[PDB]
Each structure stands twice: as structure tokens, then as C-alpha cells.
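Just one chain follows, in the form deposited in one PDB entry, and it is written as C-alpha cells.
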């Protein structure tokens, strides 16, 4: 049990539909072998060899055009040839999410895109579609605040995400999602520009 390798996903963790994604999995420690894996129903693990280009030891595990069922919790391992080399400790889990699959919500103005400092800017997500849950990206350089929506409230389906006290601004994206399929997200809502004057 050497030491969990890397497993970083670029150019994104959050992959679009039908497209490219290279799950790189390196370790400072030499690793003749690498193995990827995922907790999604319809799983697999790849036995790829490992390229040592530069004094590290990578493995560029390429996924195909992101089709639905490839989305899920990836996590590689590493080791040394021939008979079962037992693999090292599991790396830090990756959540590969396939987007572009459903309608783009609407990053709601209300309150409002241009607030004054220290006020309460609380974003939200409207959609006629039944997105059991929602998601919110970037806050100066952020990631995700994936939360559950409100019921069939006279048309829409919202998920008010409050940021209340505001000290900066930035762009945001809302991603519609269904319950029974957590990595299978929708399309991106037009990016919203919060800022502070």
C-alpha cells in the first residue's frame, strides 16, 4: 500500500456531452501500472500502462465522447507488473458529470446582478422542467453548491441559493439535474455576472 495516486480531470471534471476528457492519474512514485474505476451501475476499470515523461509517472486515461453512462465516481490505483500487484491506496475520488443533456435553466436576477458591497445577493434557478435538484458555479473562482428544488409551484421549479452578504462578484452557471441520475446534469444556463459597486 504505497500511496494514492492523483487522478485529476482536465480540461474539466464537469464534462459536456459527446466529448473529450482525459483523466490524468500520476504519482511522484514510479508506477509501472495504473487502474481507473467508477461507482456507477455499468462500471469498469482500465489496466493501462504508465508513461514516465518527466520524473513523475503519469497515465492519461482517456474517456470516449462523454456518453451518458461513463459519468460517475472515478478513482484510480497504481502498481508494479505481472502477477497481481495488488494496487496502492485508492486516489481521491472524481465525480465525472455529463452535461448538456437537458434544458438550460435561468440564473435569476432577483435580487439583482449589480448590488452594493456587503448587501444580500441571493441567486436562484427557474425551469418549467422537473429538476429534482440544481447546481451553482463560480464565486471569484468557485465550484458547486448543488441543491434540491422546490415543488411544482405554479409553473416553475426553483432552488433559491443565497449568497447574502456580498464582498465580490463573478460569473455563475446553473445546471438542472434529476435525482435518480446524479451525474447526468442538464445544459448550462446563460452565465450570470454578479458584481459589487
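Positions refer to the first chain, counted from 1.
There is also a form deposited with a partner chain bound; it is not shown, and the following applies to it.
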Honest question, do 22, 29 and 59 all end up within 4.5 Å of the partner chain in the bound PDB entry by heavy atom distance? no
inquiry  = Does any part of residue 153 reach within 4.5 Å of the partner chain in the bound PDB entry? Heavy atoms only, please.
reply    = no
Wondering, does residue 63 line up within 4.5 Å of the partner chain in the bound PDB entry on heavy atoms?
yes
>> Considering non-hydrogen atoms and a 4.5 Å limit, does the partner chain approach residue 53 in the bound PDB entry?
In response: no
Using the partner position in the bound PDB entry, report whether residue 80 sits within 4.5 Å of the partner chain, counting heavy atoms only. no
